[PDB]
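Below, in structure tokens: the form deposited in one PDB entry, a single chain.
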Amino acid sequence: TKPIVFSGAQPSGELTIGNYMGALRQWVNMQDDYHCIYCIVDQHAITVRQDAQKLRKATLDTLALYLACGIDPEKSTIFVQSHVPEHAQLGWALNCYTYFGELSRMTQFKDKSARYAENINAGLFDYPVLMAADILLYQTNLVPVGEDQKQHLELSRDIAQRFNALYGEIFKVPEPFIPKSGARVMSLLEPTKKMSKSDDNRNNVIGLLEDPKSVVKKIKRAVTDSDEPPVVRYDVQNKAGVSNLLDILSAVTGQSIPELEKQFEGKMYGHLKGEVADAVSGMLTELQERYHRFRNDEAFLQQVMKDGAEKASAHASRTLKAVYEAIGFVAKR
């Protein structure tokens, strides 16, 4: 059998070009080379408070968007997290092998706490442990994620090693698969802050389901720098906005940084923003054209969730049975 790939995304907010290039692009390319399992993590999404109707719609939006990117249901397992009970079951067990200090020092908890001061809930604090359960359930070898999830992934490795040291080879120790380009896609009007899928200022974001014409106007108004003459060169410290635009172009087209610098030799930020606007608009037009065809076909979406949760439960139950045997519970019969 092939090595196993696992990853997930929250059905909350509107998934961006950041979410695509950091995770979903890699998900589609790994499907033949590895046995891939992709999850709509609705149990994680509710750590930030959601409208009930908006959550349900977002789950089905996210599933249709996976399919629009090229996530084949005949190649990969595609499921909703809450449909497999073993994620919560293993999650509780892994709380008992996760330290308090590890969770409190997490960057995602600190930033999300400051952002949602009125709802610093226990789920938001306990986010990483359920994520470790999501990965460890399927004997996962590779985990394709963006730069922001590096810390959470290191904990999953530490938990897997900590549990295996006491009980034997029950889990596989997962490894990160973070890409070279597009691992940390930044905000258009604030290049130092990463692109959010629920930004209060919409002008920071390039949404995947967003109107192409609106996205072109956003790329044109992206902040750059005061350099005289203007020069298209990758430099995150000095030229954060220009570098973010180069990073976005490189990932859509496939061309490298020095290739693009040579292409924009003797050119200025008009040529740069024109190429990003054209490249990104053609991507989103093609993607949204496939999306609605998937999203309005409810019988098809229902079948994908049905088959995916069924495939996932087989893997999940086997791992949880071994966990429960090792920690010393009386086996269910």
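Note that the rigid core is defined as the largest set of C-alphas that superpose within 1.5 Å between two forms. Sequential numbering from 1, following the sequence displayed.
This next part talks about the form deposited in another entry, which is not shown.
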Original post:
For the set 89, 255, 164, 139, which residue undergoes a C-alpha shift of 2 Å or more between this form and the one not shown, given alignment on the rigid core?
Top reply: 255
**OP:** With both forms fitted on the core, give yes or no for whether the Cα of residue 152 moves by 2 angstroms or more between this form and the one not shown.
**Re:** no
Original post:
Is the C-alpha displacement of residue 71 equal to or greater than 2 Å between this form and the one not shown once the rigid core has been superposed?
Top reply: no
Subject >> Core-superposed C-alpha of residue 211 shifting 2 Å or more between this form and the one not shown >> reply: yes
**OP:** Relative to what we see here, could you say if residue 23 and residue 44 have their Cα atoms closer or farther apart in the other form, with a change of 3 Å or more?
**Re:** farther
**OP:** Work out the direction of the Cα-Cα change for residue 78 and residue 180 in the other form: closer or farther than in this form? It's 3 angstroms or more.
**Re:** closer
